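K.L.:
got a sequence here, can you model it:
(2 chains)
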Number of protein chains: 2
Amino acid sequence: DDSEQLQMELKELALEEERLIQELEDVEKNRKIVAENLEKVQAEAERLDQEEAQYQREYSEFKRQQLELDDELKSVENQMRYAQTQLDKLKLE
Amino acid sequence: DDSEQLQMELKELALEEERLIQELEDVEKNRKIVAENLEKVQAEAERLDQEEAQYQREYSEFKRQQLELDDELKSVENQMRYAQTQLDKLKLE
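P.N.:
Numbering: from 1, shown residues only, chains lettered A, B, ... in the order given. Structure as follows:
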């Protein structure tokens, strides 16, 4: 009866082995898929980093332009106030 | 002639002032646009961070599953080798 028990056990184990092999193949498949997805999102994130860097540079540049133009406008305003003061004095004689 | 020079200067300066005001308005417009774009890409980048985190968790989990299943398969293989050895010995008597 020993031999029959061993034969049955070997058939049971062969079924379990096949189950595990198919599980392993499934996990490997899914792993490759997820790795590809990781590669994709990482590349995407680098491109986004560069896009953000460009916008940040543009934003900072516009702020500096605002500062410069404000200074220029203040200058023009002062020049107008001065010219108008002189003109008013001349007109009043 | 002083008065005429001042009047001309004031007209010139008014033109320059208008030019600068329009420049400033343009820069402010563009600045708002770039700020909105920055907001958008930053939100996008956070979502990408979360997507990457999820994929990374899945990848690591599949690797651990591979380790576990390999150990289980090794066990089943050993059990089969042992059962087959005993059976061979019984058959040889």
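K.L.:
so how far is residue A:54 from the residue lying closest to residue A:49 once chain neighbours are set aside?
P.N.:
Nearest residue to residue A:49, sequence neighbours excluded (CB to CB, 6 or more residues apart in numbering or on different chains): residue B:45, at 7.4 Å. The way it works is simple: take the backbone N, C-alpha and C, and place the C-beta from them, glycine included. Residue B:45 sits 13 Å away from residue A:54, going by CB to CB, to the nearest Å.
K.L.:
for residue A:10, same thing?
P.N.:
Here the criterion is CB to CB. By it, residue A:10 lies 66 Å from residue A:54.
K.L.:
neighbouring contacts of stretch A:35-48?
P.N.:
B:41, B:44-45, B:48-49, B:51-52, B:55-56, B:59 (CB atoms under 8 Å, 6 or more residues apart in numbering or on different chains).
K.L.:
can you tell me which of these are buried?
P.N.:
B:41, B:48, B:51-52, B:55, B:59 (16 or more other CB atoms under 10 Å in any protein chain shown).
K.L.:
I'd like those residues as a markdown table, with secondary structure appended.
P.N.:
Output for those, formatted as a markdown table (DSSP: H, G, I helix; E, B strand; the rest coil):
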| residue | secondary structure |
| --- | --- |
| B:41 | helix |
| B:48 | helix |
| B:51 | helix |
| B:52 | helix |
| B:55 | helix |
| B:59 | helix |
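K.L.:
what's the closest of the residues you listed to residue A:16?
P.N.:
residue B:59 (27.0 Å; CB to CB).
K.L.:
so what's the residue count around the residue nearest to that closest one when sequence neighbours are not counted?
P.N.:
Closest residue in space to residue B:59, ignoring its immediate chain neighbours: residue A:34 at 4.8 Å, by CB to CB, 6+ apart. Applying other CB atoms under 10 Å in any protein chain shown, we find 20 residues neighbouring residue A:34.
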